[PDB]
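Colleague: Sharing a structure, written as structure tokens. Questions coming.
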Ligand SMILES: [Ca+2]
Ligand SMILES: [Ca+2]
Ligand SMILES: [Ca+2]
């Protein structure tokens, strides 16, 4: 009578086994944290509310009051609680086939669907736990805060507090660590486990390292991408397998209805990125078979001719393009007029004649072409710190579940596999509460997981016929019946359902424990299967399939009733070492399963445990791919490097480990107003515009910089292809002579951490540039390091405790000296210009010499290029080069230009350019003197000041900041006799403080913080040779000696029997523009801005409109300067500005500009300020060094939010008393210092309120205690906090002598308690630094009583 239950998944995962025992999920609650839900769906129902946890709306209201939750609502007997956490509302339904799509709804159907009504297959669809209640937390990623981790934490805490049994979380970041995830998220998950809550999370959908590019290289075995928080020990990580059955629109051939091997005449068909089958049919067609692709079309796929040329041929001959595969048994290809592909076997019988064809509109069941195969995108292990994740597998590919408005659809992902496990966890919890009632809250989540893992069914790849890797499937495929029928689970030393062995040498030895929850003894027979990765011998890449090595018999073991037994598994793996070390030279995985079964019958008591070890040193595998310079000299190739283009082309957008720098062209006719962007260090532009890694006379490349301020090769920064997650990355400089790298001359002020360049899709980068590692040729004290041979060293660590520090050394030259131009000969007979043989002044060496003249185009020797897309202006010399002859001479074309109009240019490998204009020394070869015309030089700031007695002597820069154009505006020097405030942002306006009929000697400029009254320690000081003539030597740009920007605040700038002290405030906070007022007098509009110490004071106001010219809001004029098309409006005597109508100017074209005392500029559209009514007020909320709720005078939250000047943190409100409550903020990166609740009153007198939440920023560090020898049995290592708390440290998995943790920045002490007879020698104290790794080397010293 009632429709049949679809069992496509249920027969596979064995759900009936628990359902028959009475475990359907009644009395349980599942919290689904997802995108959206339709709580009205026919599936969202329970059979009996008498046995349910939340019996009514009143029961939930009581739960809310007791939990302190004054939001969210009960919806029905199934959806007992819902809230939208992003928007803070009860708008829980999404997307209000694509029309009804809802990820969250799909997910909810899988765990707890309970439809009474039949879907399109004629079957009703049920979830794993159909009688369970649902809690729905609507949380998702948004532009304002991408992670939304803080909202997911609050949702987790709510679910636990309101009474959930299981939580299904889709949140995730690839390559998760087990022991170093975010502190508030890991704490929230740990409080859930303590409450008896199972936390179920998808593994992710990124496959392995390089999945969007190619298979990983056999030399790079750390390719795991399993995501965080699933990589946490507490959550259950879920991998996905493809369903054996698919429900979709198929293709029917009624004559082939008698073929049960061909799904009774129904076929699966595929299309490319563009779908055009709608234009062909909806819901009969005669087809015709073709044998040749030469002169509906039924055709066999051709390996020679493309899909395009097969389709085109069918159009020319006459209906449709039904392409059938040439490979038997193969799934349909992605093909990338109407066309579609389908199976070979299906068309071997379609091919036999001519007849019927019909594309069905309604979905139908079909066996999957890729069924019982691990999903291609399912995330593999290991964990970034080397633990075995994921934990288990469940069907996630082609899952048919609930969509909006009683609809249904198919979706693929670990996100569909996750609710299978969430549902199963509800049934196992219900089973343990009945059968093990004394098992406490705090222990139940670990046992639910252990039963599901041990009773899981081990997958065998149906193609290779080999056991799927534990790193891909985990413990195996979900078996619900086994987890509720057997009373058995398997554990290792750690008390977990899987074993992570650490490093392997010649032997694998581990202890396996079987637990019996039943009243009778069980005799099990066991064997262990050993596997490794299969490598393609032709490509030297991992195939991501396994190789079975050996099966070891273990014999029989008896597991006592209500008890446990422990066995030892020993395996000598040395016999395989030679063969496998050849294939995988940097080490390889040794993994598999210990399989237990009943000694009497094969079918009963099938329980198992996955294990994984690494043969080698997992902790010391390369973090960064070898440099492009080193790869090129060995003839090797990088994983992501594009080898196309000319020989040795290293275009900077390519993906490699190397050094980058900024280029700036040298012009001869005008000044350079723009740089050329970044380029690869050691590469130079050829005649075709391509950057080539050029060689010196010795055939080696040269890495050299010229830090002289001309913006051409001034610095060198690290760029890397990261193979593994890294931490504590920094750059350091040494003398080339300092081979041991003992005396650092300069260290990057900051340290870095980040992800491996996994490149799962186009959004994930294949390489990372770290501009923070830039070396500009200055020491730690900011002194100029002299020209010479240095070593630029990039050091970093893997995310594995005990790993050795890794480093990449680059030989680098500092050379600030232009090459030598002296003499040349010129032969009037042949026009031969012969310069003196090439010589460089410095160590870099001359790379190229050239000759050019200036081509006059449009009566100018230069070209002004206007890039409207970036609103940028470029100016370039029209350089026309003369060919260099084999003997190094040049034949000057005198018809093109006169002898005196030729330039001779010499450039070194460091970026130093010498240019001589032939003709500066002009009135058979005639001798000709050459000198550089100083064309390449550091720009100099306009100094047209005269210092009078009244002046303080303090100088600064001034520049008009742009609204439209992106060119660096003209800046000039100005006096600072008032408003001693600076904005160190290098925009040309008040960026620094400097000192200018007198004479000064021993000039000494020093800067000290506010409280340094005794002048004890300067933060910055001037460099040896400071003069009143050169303002650069005394200019302080709001930085430390190490080059870091000083924090906002006041400072002592003191010039030195004379000592001139001056207090300078630093602030780059943009001014906050208020709405002002608008009035219409005699038809003409009027704008009256609001009248305004602390650097927020306004020094100048502007009102203007941007007059559009030549399709742009900016103009370029020949001095060459770039300007905005600003038409100014004068201030009226009362204080207003007349916004008089102009023939083509609107209010959105008008602006109000303000400059503060610090030189920070803000501007706003007049139409934006006008959006606030004459009666309304504005409030702004911010953090100073998130989600908020505003309530009216009554206490009712505000509705119909009105946003001011395009800010989601600025609200337009009527007058009245209000309250603001800070609800969430990232507790991981920030700490709140002020009140969460703020009262503010908006009125006519106070029509603009600023409300700030004072926050302190948080940083992390890594501490590792590394010992001499292994610590004796009984030793405890912990870290002592400044607040007297002890953090227990555990022996690292890969480095047993090391103990470490990722901690918040602060002071710590390594505490060690040893048995009698030992002492620890060495420092235990550490003052940790941001993103830094602190290694503590300690000695275990034997001791005796005196
Ligand atoms: Ca330079
Ligand atoms: Ca040089
Ligand atoms: Ca500035």
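In full-length UniProt numbering, the protein residues as written are 118 to 213, 273 to 459, 465 to 476, 486 to 508, 510 to 527, 539 to 1125, 1131 to 1203, 1207 to 1266, 1274 to 1309, 1312 to 1338, 1342 to 1407, 1418 to 1578.
Ideal Cβ placement from N, Cα and C applies to all residues, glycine included.
Quick check: the Cα distance between residue 1481 and residue 1475, rounded to an integer number of angstroms?
Modeller: Along the chain shown, read from residue 1 onward, the residue named residue 1481 stands at position 1249. Along the chain shown, read from residue 1 onward, the residue named residue 1475 stands at position 1243. Rounded to whole angstroms, residue 1481 to residue 1475 spans 10 Å at the Cα level.
Colleague: Can we say the region 332-342 touches the region 580-593, given the rule of at least three CB pairs closer than 8 Å?
Modeller: Contact between the region 332-342 and the region 580-593 is absent, because fewer than three Cβ pairs lie under 8 Å.
Colleague: Measuring alpha carbon to alpha carbon, tell me which of 762, 783 and 663 ends up nearest residue 708.
Modeller: Numbered from its first residue, the chain shown carries residue 708 at position 506. Ranking the options by Cα distance to residue 708, first place goes to 783.
Colleague: Could you spell out the range, first to last residue, of the beta strand (DSSP E) harbouring residue 1058?
Modeller: Walking along the chain shown from the start, residue 1058 turns up at place 856. It is not in any beta strand (DSSP E) - residue 1058 carries neither H nor E in the DSSP assignment.
Colleague: Just checking, does the region 1040-1048 make contact with the region 1078-1087 on the three C-beta pairs under 8 Å criterion?
Modeller: With the cut-off at 8 Å, the region 1040-1048 and the region 1078-1087 do not touch.
Colleague: Quick check on the DSSP output: the alpha helix (DSSP H) that includes residue 294 runs from which residue to which?
Modeller: Taking the chain shown and counting its residues from 1, the one referred to as residue 294 is at position 118. Counting along the chain, residue 294 falls outside any alpha helix (DSSP H), and DSSP gives it neither H nor E.
Colleague: What separation, rounded to the nearest whole angstrom, lies between the Cα atoms of residue 1180 and residue 1168?
Modeller: On the chain shown, position 973 is the one that residue 1180 refers to. On the chain shown, position 961 is the one that residue 1168 refers to. Using only the alpha carbons, I get a separation of about 15 Å.
Colleague: Looking at the unbroken beta strand (DSSP E) that takes in residue 369, where does it start and where does it end?
Modeller: The residue you call residue 369 lines up with position 193 of the chain shown. Per DSSP, residue 369 belongs to no beta strand (DSSP E); it is in the alpha helix (DSSP H), 359-370.
Colleague: Does the region 447-459 come close enough to the region 586-595 that 3 or more CB-CB pairs lie under 8 Å?
Modeller: Flag = no, the region 586-595 and the region 447-459 do not touch.
Colleague: With DSSP as the reference, identify every bridge partner of residue 1037, one or two as the case may be.
Modeller: Residue mapping note: residue 1037 aligns to position 835 of the chain shown, counting from 1. Answer by DSSP bridge pairing, in chain order: 1026.
Colleague: Check whether the region 616-630 touches the region 299-313, taking contact to mean three or more Cβ pairs, one atom from each stretch, closer than 8 Å.
Modeller: The region 616-630, when compared against the region 299-313, does touch it at the 8 Å Cβ threshold.
Colleague: In terms of alpha-carbon separation, which member of 933, 435, 366 and 1529 lies closest to residue 982?
Modeller: Numbered from its first residue, the chain shown carries residue 982 at position 780. Selected option, being the one with the closest Cα: 933.
Colleague: Taking the Cβ atom as the reference point for each residue, do residue 444 and residue 571 lie within a distance shorter than 8 Å?
Modeller: As a working note, residue 444 is residue 268 in the chain shown. As a working note, residue 571 is residue 369 in the chain shown. Their beta carbons are under 8 Å apart, which means residue 444 touches residue 571 by this criterion.
Colleague: Rounded C-beta distance between residue 401 and residue 351? I'm assuming under 8 Å.
Modeller: Translated into the one-based positions of the chain shown, residue 401 becomes position 225. Translated into the one-based positions of the chain shown, residue 351 becomes position 175. At roughly 5 Å, the Cβ-Cβ gap stays under 8 Å, so residue 401 and residue 351 are in contact.
Colleague: Assign residue 132 to one of two classes, buried (16 or more other C-beta atoms within 10 Å of its C-beta) or exposed (fewer than that).
Modeller: What you label residue 132 is simply residue 15 of the chain shown in a count that begins at 1. Answer is buried; the Cβ neighbour count reaches 16.
Colleague: Would the beta-carbon of residue 909 be found less than 7 Å away from any heavy atom of ligand 1?
Modeller: Working through the chain shown from its first residue, we reach residue 909 at position 707. Checking the Cβ of residue 909 against ligand 1 gives yes.
Colleague: Any residue with its Cβ nearer than 6 Å to a heavy atom of ligand 3 should be included. What is that list in chain order?
Modeller: The answer, residue by residue, is 1190, 1192, 1194, 1196, 1197, 1198 and 1381.
Colleague: Could you check where the beta strand (DSSP E) with residue 867 kicks off and where it finishes?
Modeller: What you label residue 867 is simply residue 665 of the chain shown in a count that begins at 1. Counting along the chain, residue 867 falls outside any beta strand (DSSP E), and DSSP gives it neither H nor E.
Colleague: Using 8 Å as the cut-off, can you tell me whether the region 1506-1517 makes contact with the region 1538-1554, which would need three or more C-beta pairs spanning the two stretches below that distance?
Modeller: Counting Cβ pairs under 8 Å, three or more are found: they touch.
Colleague: For residue 517 versus residue 446, is the C-beta spacing smaller than 8 Å?
Modeller: Working through the chain shown from its first residue, we reach residue 517 at position 326. Working through the chain shown from its first residue, we reach residue 446 at position 270. Not in contact: residue 517 and residue 446 (Cβ atoms no closer than 8 Å).
Colleague: Can you list, in chain order, the residues of its chain with a C-beta nearer than 8 Å to that of residue 1501? Leave out the 5 residues immediately preceding and following it.
Modeller: Taking the first residue of the chain shown as position 1, residue 1501 is located at position 1269. Cβ within range, chain order: 1529 and 1572.
Colleague: Using the three-state DSSP reduction, which class does residue 1288 fall into: helix, strand or coil?
Modeller: One-based indexing of the chain shown puts residue 1288 at position 1071. Three-state result, residue 1288: coil.
Colleague: Among the candidates 1328, 1359 and 1360, whose CA atom is the shortest distance from the CA of residue 1346?
Modeller: As a first step, residue 1346 must be located in the chain shown, where it is residue number 1124. With distances taken between Cα atoms, residue 1346 lies closest to 1328.
Colleague: Would you say residue 915 touches ligand 1, meaning its beta carbon is less than 7 Å from a heavy atom?
Modeller: As a first step, residue 915 must be located in the chain shown, where it is residue number 713. It does: the Cβ of residue 915 is within 7 Å (strictly closer) of some heavy atom of ligand 1.
Colleague: Do residue 1462 and residue 1421 have their C-beta atoms closer together than 8 Å?
Modeller: Locating residue 1462 in the chain shown gives position 1230, where the first residue counts as 1. Locating residue 1421 in the chain shown gives position 1189, where the first residue counts as 1. Contact flag unset, no.
Colleague: I want to check one thing, is the minimum distance from the CB of residue 1222 to the heavy atoms of ligand 1 below 7 Å?
Modeller: The residue given as residue 1222 occupies position 1012 in the chain shown. The answer is no for residue 1222.
Colleague: Applying the criterion that 16 or more other CB atoms from any shown protein chain within 10 Å of the CB defines a buried residue, is residue 336 buried or exposed?
Modeller: Walking along the chain shown from the start, residue 336 turns up at place 160. Residue 336 is buried by the Cβ-count criterion.
Colleague: If we count the other Cβ atoms within 10 Å of its Cβ and call it buried at 16 or more, is residue 461 buried or exposed?
Modeller: Residue 461 cannot be placed in this structure, since the chain goes from 459 to 465 without the numbers between.
Colleague: Relative to the alpha-carbon of residue 802, which residue among 793, 1074, 841 and 758 has its alpha-carbon at the smallest distance?
Modeller: Taking the chain shown and counting its residues from 1, one reaches residue 802 at position 600. For the residues 793, 1074, 841 and 758, the minimum Cα distance to residue 802 belongs to 758.
Colleague: By Cβ distance below 6 Å, which residues in the same chain neighbour residue 1014 in space, the five residues on each side in sequence not counted?
Modeller: On the chain shown, position 812 is the one that residue 1014 refers to. Correct list, in chain order: 905, 992 and 994.
Colleague: To the nearest angstrom, report how far apart residue 1260 and residue 1280 are at their CA atoms.
Modeller: Your numbering for residue 1260 matches position 1050 in the chain shown. Your numbering for residue 1280 matches position 1063 in the chain shown. C-alpha separation (whole angstroms): 6 Å.
Colleague: Does DSSP classify residue 770 as helix, strand or coil?
Modeller: Here residue 770 is taken as the residue at index 568 of the chain shown, counted from 1. Of the three classes helix, strand and coil, the one that applies to residue 770 here is strand, per DSSP.
Colleague: Have a look at residue 321 and residue 369 and give me their C-alpha separation to the nearest angstrom.
Modeller: For this step, residue 321 is matched to residue 145 along the chain shown. For this step, residue 369 is matched to residue 193 along the chain shown. Taking the straight line joining both Cα atoms gives about 27 Å.
Colleague: To the nearest angstrom, report how far apart residue 1010 and residue 1560 are at their CA atoms.
Modeller: Walking along the chain shown from the start, residue 1010 turns up at place 808. Walking along the chain shown from the start, residue 1560 turns up at place 1328. Roughly 24 Å between the two C-alpha positions.
Colleague: Less than 7 Å separating the Cβ of residue 1121 from some heavy atom of ligand 1?
Modeller: Locating residue 1121 in the chain shown gives position 919, where the first residue counts as 1. No - ligand 1 has no heavy atom lying nearer than 7 Å to the Cβ of residue 1121.
Colleague: Reducing DSSP to helix, strand and coil, say where residue 1156 ends up.
Modeller: Walking along the chain shown from the start, residue 1156 turns up at place 949. Correct three-state label for residue 1156: coil.
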